[PDB]
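Down below is the structure, laid out as structure tokens.
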Amino acid sequence: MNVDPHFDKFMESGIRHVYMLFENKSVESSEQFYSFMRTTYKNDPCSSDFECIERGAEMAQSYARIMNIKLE
Amino acid sequence: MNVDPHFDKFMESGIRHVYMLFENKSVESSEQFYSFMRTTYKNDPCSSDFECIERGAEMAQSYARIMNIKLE
Amino acid sequence: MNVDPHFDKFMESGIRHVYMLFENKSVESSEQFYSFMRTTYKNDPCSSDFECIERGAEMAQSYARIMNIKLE
Amino acid sequence: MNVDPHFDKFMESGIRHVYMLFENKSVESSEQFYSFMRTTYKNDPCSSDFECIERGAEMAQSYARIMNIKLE
Amino acid sequence: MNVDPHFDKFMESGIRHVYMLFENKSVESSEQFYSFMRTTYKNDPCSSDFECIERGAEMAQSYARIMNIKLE
Amino acid sequence: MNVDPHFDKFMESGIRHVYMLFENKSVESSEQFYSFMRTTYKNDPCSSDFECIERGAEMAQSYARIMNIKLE
Amino acid sequence: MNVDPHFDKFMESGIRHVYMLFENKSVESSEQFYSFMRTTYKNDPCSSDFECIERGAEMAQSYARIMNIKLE
Amino acid sequence: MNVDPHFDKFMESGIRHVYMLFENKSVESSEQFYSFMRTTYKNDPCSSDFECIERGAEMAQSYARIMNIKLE
Amino acid sequence: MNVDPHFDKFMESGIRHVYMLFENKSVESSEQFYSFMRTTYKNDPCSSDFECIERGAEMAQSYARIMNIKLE
Amino acid sequence: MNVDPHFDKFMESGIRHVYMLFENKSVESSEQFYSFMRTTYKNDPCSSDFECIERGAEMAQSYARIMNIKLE
Amino acid sequence: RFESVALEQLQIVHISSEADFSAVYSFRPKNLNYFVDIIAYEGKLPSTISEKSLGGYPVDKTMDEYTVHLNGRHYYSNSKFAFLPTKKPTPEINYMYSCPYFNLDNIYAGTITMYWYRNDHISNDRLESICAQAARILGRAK
Amino acid sequence: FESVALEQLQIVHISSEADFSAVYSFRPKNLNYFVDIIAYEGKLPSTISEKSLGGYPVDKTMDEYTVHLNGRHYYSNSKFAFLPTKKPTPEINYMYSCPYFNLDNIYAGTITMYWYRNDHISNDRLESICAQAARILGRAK
Amino acid sequence: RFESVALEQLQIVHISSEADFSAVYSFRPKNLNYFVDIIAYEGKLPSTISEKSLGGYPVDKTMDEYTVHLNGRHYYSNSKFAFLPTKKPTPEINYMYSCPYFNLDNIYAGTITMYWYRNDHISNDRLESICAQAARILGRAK
Amino acid sequence: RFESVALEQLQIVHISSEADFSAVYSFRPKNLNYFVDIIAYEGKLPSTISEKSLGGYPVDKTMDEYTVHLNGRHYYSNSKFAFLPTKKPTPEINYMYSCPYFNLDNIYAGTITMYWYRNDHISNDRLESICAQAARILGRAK
Amino acid sequence: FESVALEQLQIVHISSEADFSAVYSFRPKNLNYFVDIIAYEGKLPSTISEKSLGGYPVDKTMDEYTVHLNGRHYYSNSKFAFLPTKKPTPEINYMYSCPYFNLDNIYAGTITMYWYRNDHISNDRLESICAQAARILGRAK
Amino acid sequence: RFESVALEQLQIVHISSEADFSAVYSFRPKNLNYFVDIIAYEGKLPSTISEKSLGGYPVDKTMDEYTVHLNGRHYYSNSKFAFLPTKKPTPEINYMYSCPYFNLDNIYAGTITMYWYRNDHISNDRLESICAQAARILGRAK
Amino acid sequence: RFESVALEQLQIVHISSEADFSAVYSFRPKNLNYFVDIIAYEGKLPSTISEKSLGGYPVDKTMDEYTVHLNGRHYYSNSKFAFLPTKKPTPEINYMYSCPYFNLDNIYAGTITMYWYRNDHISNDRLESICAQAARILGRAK
Amino acid sequence: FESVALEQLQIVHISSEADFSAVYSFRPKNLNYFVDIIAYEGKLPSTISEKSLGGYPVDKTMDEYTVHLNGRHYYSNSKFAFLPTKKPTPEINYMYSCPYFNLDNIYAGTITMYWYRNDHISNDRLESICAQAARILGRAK
Amino acid sequence: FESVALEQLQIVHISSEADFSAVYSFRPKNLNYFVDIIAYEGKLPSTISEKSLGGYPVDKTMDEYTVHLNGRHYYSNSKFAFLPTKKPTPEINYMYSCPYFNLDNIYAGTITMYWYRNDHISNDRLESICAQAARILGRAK
């Protein structure tokens with residue numbers, strides 16, 4: 001893929017640690033999650049594997065907590 | 001990338017064997033070339049590596065000939 | 001009325017089994033629903049009462065699903 | 001049919017008592033007849049079977065007489 | 001001329017047997033006639049002299065009838 | 001053909017006495033030749049077989065000489 | 001700011017004495033108010049503090065009255 | 001003025017330490033200088049008096065050196 | 001010619017003393033120059049030879065200065 | 001005047017020998033006369049004083065005779 | 001365009017069905033159907049109608065061809081010719097077979113009709129397939 | 001082009017002293033199935049009318065069509081090929097026409113003069129009048 | 001619009017100058033000036049011209065009013081009436097005074113002219129100011 | 001329109017293949033493919049998914065169906081169901097067969113997938129032809 | 001610009017954990033007589049409404065305006081200068097705002113967070129959240 | 001688009017006919033046909049022409065292929081190659097078969113031509129059907 | 001247009017005021033005013049500036065002419081020449097008088113300035129009226 | 001008109017065998033203060049360039065202007081009135097020009113041929129070449 | 001976007017002190033078969049020209065493409081993958097480039113600096129200059 005590799009690592013970390021635990025997955029839940037992750041990254045891009053994995057998980061977790069998303 | 005691998009071989013063969021010989025490369029000439037290759041493929045897609053490579057080179061050659069595009 | 005009786009059964013079945021469950025009915029939502037049902041029928045018209053009723057309900061359900069239209 | 005039932009009774013009476021006797025029926029004779037009957041009704045709609053049948057016949061007859069339409 | 005000889009016979013037959021009888025010849029009426037004859041031929045071209053002449057006269061007659069064009 | 005017969009005689013004379021001897025024939029050489037012959041004629045049309053044949057050959061010859069066109 | 005000090009007093013007086021009483025403030029109502037105050041000033045500019053303040057309040061009042069703008 | 005006070009301090013420092021020494025001042029020299037200073041700041045805004053004064057002077061100086069602007 | 005002799009002197013003076021020094025003459029630059037000279041004259045026409053010549057040269061100079069047009 | 005001097009001589013000859021004798025001069029008579037003279041000249045411009053004077057008078061005279069223009 | 005499609009489908013129907021006379025009927029006004037026109041035909045006209053009488057014939061909606069079509073079925077008869085533009089019997093016709101067509105707004109817009117002056121005709125199951133296909137295509141054209 | 005046709009026909013009409021003059025134009029381009037009167041001067045023949053000046057079918061087997069395609073002018077006392085009526089129109093005593101050819105070198109129409117009276121200027125003079133207009137119309141489109 | 005401006009300025013000129021007869025002349029065709037029309041007038045027509053003869057008069061550019069105007073000056077005379085649409089002498093006119101006007105494309109487009117049938121007229125310096133102002137305004141209108 | 005084409009091709013694939021359950025999967029966002037939706041299905045849903053769980057399932061691009069499709073081949077399995085929107089095993093499925101479709105911009109956009117709850121299915125050479133045709137058509141629709 | 005404001009405010013709102021957040025925009029350009037809410041997140045204060053989010057008069061003598069023009073962020077327990085109501089709105093316990101400056105370097109609006117509850121994250125954390133959005137909004141128009 | 005249709009039809013004709021070399025010829029200027037170009041070909045070029053000589057060849061309208069096409073018939077020969085862009089004989093060609101195509105304005109616009117370097121070719125009735133179909137399609141494309 | 005209005009008003013101001021040298025100054029960029037240009041002048045340039053130095057001079061907003069103008073008053077001095085594009089003293093100037101102009105968006109956009117190389121100048125009340133009128137007109141032009 | 005100018009100049013250039021040929025056009029209409037090269041053939045003189053072909057001031061006192069207004073052609077070994085440079089350009093050995101007049105009968109431009117070499121065909125032949133183009137350009141606008 | 005590219009490249013060019021700098025852009029979106037120079041500063045290499053800045057084929061097997069897709073900057077003394085010429089261009093002594101990624105997170109082009117001279121500032125300084133521009137260009141479209 002021609003994807004920004006740091007964004008991809010960040011997003012995949014949020015998906016694999018947080019989004020995958022969403023109880024109610026839908027088109028809308030996925031669209032809202034990507035919107036938050038996309039802008040969070042673009043404001044301040046991570047620049048290493050460790051930072052991208054850590055920040056992707058932490059930011060997705062804050063999103064789920066703050067939005068009161070029901071997890072599994 | 002997330003690309004159709006048969007189109008990609010078709011296009012890359014056209015590029016590497018014919019488009020790179022175009023005398024006057026431009027945004028316009030590349031757009032018209034891509035438009036012709038994309039539509040030709042979609043009308044009758046190739047489905048194996050060497051078929052795609054042969055057909056892409058021949059269709060790019062046919063394109064240059066029928067459009068009177070200056071080569072070399 | 002002077003209506004195609006097979007389209008009428010097709011449409012009425014879609015209305016009575018699916019469209020009436022639309023959460024947000026509007027001029028727009030009814031126009032888009034009618035446009036999809038009309039074109040679907042014309043492409044492959046049903047030709048008996050119970051066939052039209054079965055196909056109309058299923059195609060309206062398929063329409064709601066593929067367009068992510070909120071029901072109930 | 002979803003037709004105004006009083007207009008329909010009026011029109012059918014004009015057709016059955018007068019138009020059917022036109023010697024030269026054509027697209028144009030039918031279009032001119034409907035135009036006259038349509039506006040005559042809309043100006044002052046009849047509102048009972050008897051009135052619609054009587055007025056439809058009388059008005060069509062006046063139209064044929066005044067326009068000198070050859071009858072059978 | 002450099003004309004398709006089968007279209008030319010098709011068109012000339014339509015002209016000589018039907019269009020010349022048009023009551024109201026105009027630029028518009030000739031353009032609409034030519035447009036219908038040209039498209040009809042291209043959809044299903046005739047391929048011999050007497051076939052083209054028969055089909056051209058019949059299609060021009062059919063055209064005048066379906067368009068309610070006044071003749072003679 | 002519905003062609004101006006004097007232009008046709010003029011052009012054919014230039015083709016048959018001069019253009020046919022061009023060493024490098026191409027779409028572009030043919031387009032440039034016709035452009036010159038077309039305007040040369042239209043400025044001052046020839047009006048007899050002898051004048052058209054003579055002038056067509058002479059003008060094509062001057063064009064080939066002045067433009068330094070390689071002949072056979 | 002780099003503002004015309006006489007316009008600024010004129011406008012601020014209109015705002016503080018009249019516009020703040022507008023029942024329905026909106027982008028549109030503020031744009032139309034500013035447009036009227038700007039043009040009125042430019043046509044006949046005030047040139048001292050208390051003159052600008054008096055004229056700005058009176059012209060805003062006149063504006064609300066002539067446009068039937070609901071106040072309070 | 002309603003100006004960004006950090007940009008203003010940055011710009012004034014570049015003007016007072018560097019631009020004022022330009023030998024050939026013109027509309028064009030001033031427009032080019034502001035263009036460079038504007039984007040330099042917006043990419044990474046200074047946020048204190050000392051940083052703005054220091055960076056404004058240093059960046060204007062680099063601009064004059066790199067562009068070989070004749071000073072007084 | 002049938003020209004206003006005072007405009008002609010006004011314009012010719014502007015041309016001969018200023019426009020001929022324009023560094024970048026073009027259709028556009030000549031059209032904008034003529035448009036400014038024509039309107040300036042019409043607003044307040046000169047009415048004797050040496051007045052027209054003096055005012056035309058000065059107004060063309062003023063035009064070049066206010067538009068930052070490169071001279072010589 | 002920046003006028004074609006041969007046309008001017010031609011026109012003035014037609015005016016002075018023929019148009020000046022028109023009994024009924026009007027905007028329309030003058031417009032029609034100029035229209036005829038303009039195209040007559042442009043089709044085949046005269047190229048000497050004598051030819052322009054002679055042809056201008058002769059052509060204007062033919063115009064007055066053929067159009068039955070009442071002379072003085 | 002509708003008129004070219006009507007002529008093409010009528011030709012296909014006439015040839016496939018081996019009918020003696022075939023016609024496209026069209027109702028007017030839209031959604032009211034007070035009049036019917038023969039807008040195109042193939043083969044030999046019945047002796048009871050003429051080229052000059054093809055237009056403006058009144059529709060009797062109480063004829064059962066009208067109701068059968070609105071009930072979703074084709075119509076056939078040896079003697080009842082609802083929209084044939086004559087009040088006279090036409091005993092030269094031995095069989096008619098018709099199917100309705102419905103326009104893009106799903107309204108009954110006319111019929112495609114085949115006629116036989118002879119006693120032998122191909123079977124109704126074949127006529128049904130021939131007519132249904134033509135009516136599907138014509139119903140997409142306008 | 002329509003302006004050029006009108007201007008040229010006015011000169012043709014006055015210099016030829018004809019009773020009725022017309023510019024004819026063929027359609028469709030290159031195929032010439034129909035002919036229109038696009039400009040006329042003088043008194044319309046009684047057999048035609050303002051409402052019937054366009055869309056007349058071209059019979060390419062008529063002498064005038066084949067003569068023009070041989071590059072020559074045409075004249076006749078009785079044959080009016082492109083005059084937009086099937087009636088004979090005996091009130092016309094003479095017609096003189098010349099073809100014009102468009103910028104693509106294709107036969108595109110005619111310039112024609114008509115006489116109701118029995119006298120007309122010589123063909124040699126008509127030839128020059130027509131040719132001059134034809135060359136100019138031929139360049140106009 | 002030009003026509004309203006022409007009429008307004010002619011009225012102003014006629015009243016201010018106290019002339020007996022005043023006219024606006026306009027040349028045609030543009031930039032060629034072969035003909036001249038009286039497009040508007042005030043006061044009483046000279047006996048040598050009529051309402052029906054106001055248009056299409058040939059311009060003699062060798063009359064010195066034409067050359068004086070193109071030299072940038074107003075024109076006056078007791079006997080020479082270049083654009084007055086008659087070849088006859090008009091001895092009832094004792095004085096004429098005219099100024100040219102130039103259109104927005106700076107081309108000589110016509111004149112504003114005053115005439116006296118009496119011997120007394122206001123002085124030329126006043127007529128010059130009256131005419132120059134009207135010609136400036138008319139020259140902006142088209 | 002894409003949605004009508006998707007539904008038509010899914011019906012053709014389901015009937016031709018004789019599958020028990022068939023689905024069209026669609027990736028989002030474009031060119032990134034982090035989520036996958038079942039946008040249409042035929043037949044009976046597997047017991048491990050529900051109507052309310054058809055959307056927004058995360059794509060694991062390390063599942064070999066994803067890589068096989070990008071290598072230009074169809075995919076089949078008895079146990080691996082990459083985009084089926086459940087983390088649970090689904091042993092009721094005995095066979096899956098899928099082909100990718102690529103949009104008009106030549107990007108991997110989703111799959112057409114057939115499932116069997118029984119052991120007998122028609123041969124892969126037939127499934128390949130059925131799937132390839134549908135994917136060609138769907139790839140032209142958007 | 002309106003898309004950028006919405007996207008940036010969503011991040012500001014989630015990361016600050018505020019109860020209500022808004023992007024304010026001044027009009028006319030350079031003069032700042034009026035202020036609009038052009039994007040908001042969370043629950044609108046009871047004192048304002050959807051129909052009243054635009055056209056509110058700017059009082060430039062309010063502390064927030066002068067602090068922003070000194071390039072600093074503003075916070076208060078009671079002063080809500082640009083909140084589009086004259087009422088005091090005591091349900092708000094805290095506001096934190098930062099200015100943004102447009103591409104012409106002019107004070108163009110604010111990014112503001114509000115708390116109805118009595119707890120909020122530290123100003124140091126709010127400062128970073130706001131500044132990041134302000135720099136991006138400042139480049140967007 | 002015309003160029004894609006030309007290439008597709010040439011491929012179909014070449015494969016169906018089993019020819020050794022096939023070409024699409026195109027005339028210029030429109031409706032005048034003074035020059036002819038090989039715009040596309042399949043198979044091996046004859047030794048008497050080259051890639052650089054495919055354009056701008058003069059049309060000899062007195063060659064009977066030109067007149068046969070305008071008479072409504074296909075053309076074939078063992079030795080006469082009217083539009084092949086060489087004046088040299090080409091004895092390596094044993095057979096040619098061509099059909100004209102006419103554009104949307106019904107004008108002779110070019111040919112579709114098949115060539116054999118061997119003695120065996122499929123029968124003319126098959127070549128006629130192959131060519132006629134391609135020429136019908138190409139004649140609709142521009 | 002702004003430029004014609006600027007030149008016209010500068011001429012009026014220069015003639016009415018009887019100044020020796022008059023100029024229109026214009027600030028850039030809009031609403032920021034870091035630079036000032038002499039865009040037009042009348043009379044004789046001071047010896048300390050030149051035709052080539054009229055543009056791009058830095059604005060010192062701490063000069064009191066800038067603050068006086070933003071306080072709503074005209075400015076005058078015998079020695080302080082804020083926007084005159086030289087750092088040198090200019091003792092040849094004995095008096096300056098300036099008024100600000102504000103554009104259609106009500107922003108400080110430049111000045112209209114008069115200079116005297118002699119000691120006698122007309123009184124400030126007259127200069128105020130002359131300047132105020134010109135600045136009102138110029139402030140409407142852009 | 002621009003197409004006609006290009007087509008006519010190609011014939012002028014080839015038939016005259018000139019080294020450089022140009023069509024000049026005056027602006028504004030009727031006033032002729034400026035002259036542009038709107039079409040050229042051959043090698044541009046070294047003293048002018050593609051970017052400088054328009055907007056050159058017309059000096060109506062130059063001999064070529066007054067000769068053209070007398071309806072005659074102009075030729076010179078050294079005077080190049082409308083060539084858009086003030087430099088003398090000694091590389092030109094000869095110029096020959098003829099005026100054209102537009103449909104309103106106004107002097108509208110020139111057709112000009114230039115020789116860098118010292119030989120050229122006779123003026124009598126140049127006169128016919130120029131006049132033919134001038135008559136056609138004169139009708140084109 | 002084109003304005004942002006120009007503004008950012010000016011800062012990149014001045015702060016890096018490069019001899020030639022360019023913003024490259026890939027087409028079609030997501031597929032990157034072609035690369036264009038959409039903005040440049042400094043002196044064009046002798047091997048390329050203004051008329052040849054667009055439509056150059058992308059060879060994705062070149063080291064620069066794979067390094068950028070690993071999220072790292074690229075530098076080389078001899079390999080100029082996207083420079084729109086097949087010639088080696090030995091006059092270039094050094095290139096430094098960094099990728100940018102668009103708002104859809106796709107590799108969309110590069111920011112590249114070139115040195116004809118044999119001295120250049122440190123990669124650490126080039127890295128910061130490039131990254132800052134890349135982040136801003138990445139948000140602009």
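By convention in this document, chain letters (A, B, ...) are assigned in the order of the sequence lines, proteins followed by strands, and residues within each chain are numbered from 1.
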Residues of residues 13-32 of chain I with any heavy atom under 4.5 Å of a heavy atom in chain R: I:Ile15, I:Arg16, I:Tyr19, I:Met20, I:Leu21, I:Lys25, I:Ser26, I:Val27, I:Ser30, I:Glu31
Residues from residues 27-46 of chain R approaching chain I under 4.5 Å (heavy atoms): R:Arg27, R:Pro28, R:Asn30, R:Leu31, R:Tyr33, R:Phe34, R:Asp36
Part of R:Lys86 lying under 4.5 Å from any heavy atom of chain I: side chain
Residues of residues 64-72 of chain I within contact distance of chain R, non-hydrogen under 4.5 Å: none
Can you give me every donor-acceptor pair (side chain of residues 129-141 of chain R, partner residue at least two apart or in another chain, under 3.5 Å) with its distance?
unit_1: R:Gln132; atom_1: OE1; unit_2: F:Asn43; atom_2: ND2; d: 3.1
unit_1: R:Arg139; atom_1: NE; unit_2: J:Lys42; atom_2: O; d: 3.1
unit_1: R:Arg139; atom_1: NH2; unit_2: J:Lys42; atom_2: O; d: 3.0
unit_1: R:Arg139; atom_1: NH2; unit_2: J:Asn43; atom_2: O; d: 3.4

Within 6.0 Å of OH in R:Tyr116, more than 12 heavy atoms from elsewhere: yes
